[PDB]
Amino acid sequence: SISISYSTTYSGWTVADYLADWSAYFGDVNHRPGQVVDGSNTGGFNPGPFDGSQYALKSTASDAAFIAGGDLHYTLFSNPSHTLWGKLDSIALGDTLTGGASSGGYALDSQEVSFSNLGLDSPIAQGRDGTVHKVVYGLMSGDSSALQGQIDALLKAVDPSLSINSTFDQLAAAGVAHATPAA
């Protein structure tokens, strides 16, 4: 089942309200034709270069960063071009990305919220229509709708009374979510 961690600061927040604010706070790194600059808005794989157990990206607007965890693959120019596919197990949201492939992994200095046991697995053949692609591209581009939908579905699958409109505290009472230390 989905496992959620949250800083005690966000106990009284709904998952939906947190993700709507986080998307806007991270914003859009503008990873699009004519707009890409290396080490500004590419992100990075661990270990890479085009595959990793992690894909991580820093905001160009704020200190926000995310880490996507699983078994992830990027196609670059190869058909289907510019597809992120594979297994997405976890999304970690917070501030101040540290480490990388040379440190044995990426870390957030301030992890606010994470979603684990997502169980998402998108094959290469789905291209940019894959759920993994849409979930992570949404985080890159200031629209967490796809992530919100997947979390909503996973919560309702544990118990139909749960949704992204539940507070983190309500999800903790339901045995899904776990409080972590405040920054």
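We number each residue from 1, following the sequence as shown.
- Using a 4.5 Å cut-off between side-chain heavy atoms of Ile, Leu, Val, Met, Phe, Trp and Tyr, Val36 forms no hydrophobic cluster with any other residue.
- Side chains of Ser116 and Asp89 form no contact here, defined as non-hydrogen atoms less than 4.5 Å apart.
- The cluster map of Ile, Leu, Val, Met, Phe, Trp and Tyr, joined by side-chain heavy atoms under 4.5 Å apart, puts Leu118 and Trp85 in different clusters.
- Not a single side-chain hydrogen bond (donor to acceptor under 3.5 Å, both in side chains) links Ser1 to another residue, sequence neighbours left out.
- Ring geometry, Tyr74 versus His82: the interplanar angle falls from 30° to 60°, so the pair is classed tilted.
- Residue pairs meeting the salt bridge (charged side-chain N to carboxylate O under 4.0 Å, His left out) criterion with at least one member in residues 27-43, sequence neighbours excluded, are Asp28-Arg32.
- Applying the side-chain hydrogen bond (donor to acceptor under 3.5 Å, both in side chains) test to pairs two or more places apart or on separate chains, those with a residue in residues 43-52 are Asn46-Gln54, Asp51-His73.
- The ring pair (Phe, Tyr, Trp, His ring centres under 6.0 Å) analysis of residues 144-164, with sequence neighbours excluded, yields no pairs.
- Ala56 approaches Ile67 most closely through the heavy-atom pair CB-CG1, 4.0 Å.
- Between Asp21 and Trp13 the shortest side-chain heavy-atom distance falls below 4.5 Å.
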Atom pairs and distances, donor-acceptor, side-chain atoms in residues 143-154, under 3.5 Å, two or more places apart:
residue : atom : partner : partner atom : Å
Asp143  : OD1  : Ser145  : N            : 3.0
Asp143  : OD1  : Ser145  : OG           : 2.7
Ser144  : OG   : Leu19   : O            : 3.4
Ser144  : OG   : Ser23   : OG           : 2.7
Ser144  : OG   : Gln148  : NE2          : 3.0
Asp152  : OD1  : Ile164  : N            : 3.0
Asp152  : OD2  : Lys156  : NZ           : 2.7

Subject >> Working for side chain to side chain contact (heavy atoms under 4.5 Å, CB included), residues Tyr18 and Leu93 >> reply: CA-CA 10 Å; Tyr18 180 89; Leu93 308 176; 4.0 Å; yes

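- Taking each heavy atom of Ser114 and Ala92 in turn, the nearest pair found is CB-CA, 4.0 Å.
- Rounding to the nearest 0.5 Å places CG of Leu139 at 9.0 Å from CG of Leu57.
- Counting all heavy atoms, side chain and backbone alike, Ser62 lies closest to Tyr25 at OG-O, 2.9 Å.
- The list of ring pair (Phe, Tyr, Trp, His ring centres under 6.0 Å) pairs with a residue in residues 45-67, not counting sequence neighbours, reads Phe26-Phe66, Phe45-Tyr55.
- Each of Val135, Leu72, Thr75 was evaluated against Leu84; a single residue qualifies, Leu72, per the side-chain contact (heavy atoms from CB on, under 4.5 Å) test.
- In this structure, the separation between NZ on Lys58 and OG1 on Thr42 is 11.0 Å, given to the nearest 0.5 Å.
- Within the structure, every pair that satisfies the side-chain hydrogen bond (donor to acceptor under 3.5 Å, both in side chains) test and touches residues 117-138, not counting sequence neighbours, is listed here: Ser81-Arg128.
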Listing, residues 97-109 side-chain donor-acceptor contacts under 3.5 Å, not counting sequence neighbours, or none:
residue : atom : partner : partner atom : Å
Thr98   : OG1  : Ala107  : O            : 3.3

Considering only distance and modelled atom types, tabulate donor-acceptor pairs under 3.5 Å from the side chains of residues 168-183, sequence neighbours left out.
residue : atom : partner : partner atom : Å
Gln170  : OE1  : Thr167  : N            : 2.9
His178  : NE2  : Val176  : O            : 3.3
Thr180  : OG1  : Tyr6    : O            : 3.4
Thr180  : OG1  : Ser7    : N            : 3.3

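- Between the side chain of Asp95 and the backbone N or O of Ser110 there is no donor-acceptor pair closer than 3.5 Å.
- In terms of the side-chain hydrogen bond (donor to acceptor under 3.5 Å, both in side chains) criterion, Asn165 has no residue partners (sequence neighbours excluded).
- Cluster note: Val37 groups with no other residue, as no ILVMFWY side-chain heavy atom lies under 4.5 Å from it.
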